[PDB]
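Before any questions on how it binds or moves, here is one chain, the form deposited in one PDB entry, in structure tokens.
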């Protein structure tokens, strides 16, 4: 069509596109598979079309450095729009250009290491809540789905970190916080809706004026009113909360708005609910099929934390083998699967012309399983990140949280929240592969990096 000849005139390889659709039909196996194939059959740089949108994939570590870090503020500043957002336009992950830079500057102190030390005790409380619910699940003698026990833990952590709501989600699934935020799941960009707007981006403004938001409107309105209630109730009571830290910044760039505060509060829930639980389920599955790693980690946890001691910020950063298990699992399963930046101007990077409007993509999943930089990439060898071998890895081929000024702002929080859970559960429980567990676990063919079947494992007291 009009823009389907852009990659041919630049001498860039890629799958031949079909009219009105581009290469969306090649998504029959999902983004992860499709990127790995195009890597094998085209080399280091290739291109494809999401409808009429040209997407350029780069794998050179220097080019990834230029896009994500070097020329970030100048050229590659924003991600591609993904649908009708409504008032959630002010979310930091959705904000663009000057709005994003202000929001990140006014929200960066919220994710300091010092503020994280102050949040460890609160996250610790629901680690003990997790084992109690896990004790009953283990005594039943039946396999346990890890997605639900971790989702309950992640929900409990989010409600206590973002707000002052202290709830046991597993046994109290009736609080309006628990019910509405339970629907804040990841986006399957290969479902009929997101596929349709990817081929029909012209329908996004139509959806917006219909007040059709990508997020559930009932959940957003409830959470906005809840913050309005809490903001008044916190004043009447006159704290360690993502909200309170934002309140303590609003009263003292230019400023942060009341609606902006609500928007960022919801995005923290959206960025943390399933992502933490999904990675936690992935981590425990890999420990069950490789008990040697599970044994050494359990021994290391007992060494740093004798007599089932409670974890502390400093002790968590001390445990090395736990950091190795988390990193290697993220290498096998980068749940973002991709990193995207929009080229706002005509620019040349590392001797390559990038015309304005092209979406530049970094295939995180494809790079993390590339035989070039990784040895036996299909295996779970957590020793790759040993202190001696933790330098050979290129920090721009392994990008689980992204890189540059637009990386995951909650990387330290997520890593601490995940590790705090892993210490408590492993030092009390051991996990064995039940029959229903798929030993060669298969990944889903949709837009999410999730297993084909929910991971079920046998759990027992230690």
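Between two forms, the rigid core is the largest collection of C-alphas that superpose within 1.5 Å. Numbering follows the first chain given and starts at 1.
The following text describes the form deposited in another entry, which does not appear among the structures shown.
>> To test your reading of the superposition: with the rigid core aligned, which of 314, 299, 96, 218 moves its Cα by 2 angstroms or more between the shown form and the other one?
In response: C-alpha shift of at least 2 Å: 218.
> Is residue 347 one of the residues whose Cα moves 2 Å or more between the shown form and the other one, with the core superposed?
Replying inline: No.
>> Using the rigid core as the reference frame, would you say residue 290 shifts its C-alpha by 2 Å or more between the shown form and the other one?
In response: No, residue 290 moves less than 2 Å.
>> Given a core-based superposition, decide whether the C-alpha of residue 323 shifts by 2 Å or more between the shown form and the other one.
In response: No.
>> Flagged pair residue 51/residue 185: C-alpha distance shifts by 3 angstroms or more in the other entry. Which direction, closer or farther?
In response: It is closer: in the other entry, the C-alpha atoms of residue 51 and residue 185 lie at least 3 Å nearer than they do here.
> Given a CA distance change of at least 3 Å, are residue 67 and residue 189 closer or farther in the other entry?
Replying inline: Here the pair is closer than in the other entry; there, farther apart.
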